[PDB]
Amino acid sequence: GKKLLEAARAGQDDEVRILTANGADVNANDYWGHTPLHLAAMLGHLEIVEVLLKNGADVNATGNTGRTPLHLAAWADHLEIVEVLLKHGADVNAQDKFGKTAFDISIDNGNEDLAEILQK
């Protein structure tokens, strides 16, 4: 049931769609506790994040390190995915074990163009 994880990481879109339809868990979890949505946001696969959203994937799922899919999308400097994820009710003020938001992560990475989206 976790072929969706590798399919989200690999980014083969139609492969993801067919697995989701068969009922595969959209909230499956890797060694770090991250869903297919985390991997798709982090790896910049916008096309799959929407398919997962259509399947109702938790947009604020917490990894074993307490990182939401939004955190990884900001870490990877993927601008459009972040605003997509925010549009689907993302929690900006969520913090990890470290105590960090996506904003803190753009501050560490020096990405103020995306920090504007989080400021905005």
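Residue numbers here begin at 1 and follow the sequence given.
- Once the C-alpha B-factors are averaged per stretch, 45-53 and 29-37 rank with 45-53 first.
- Ranked by C-alpha B-factor against the other modelled residues of its chain, residue 93 falls in the highest third.
- When the modelled residues of the chain are ordered by C-alpha B-factor, residue 107 sits in the highest third.
- Split the chain's modelled residues into thirds by C-alpha temperature factor. Residue 23 is in the highest one.
- Among all modelled residues in its chain, residue 79 ranks in the highest third by Cα B-factor.
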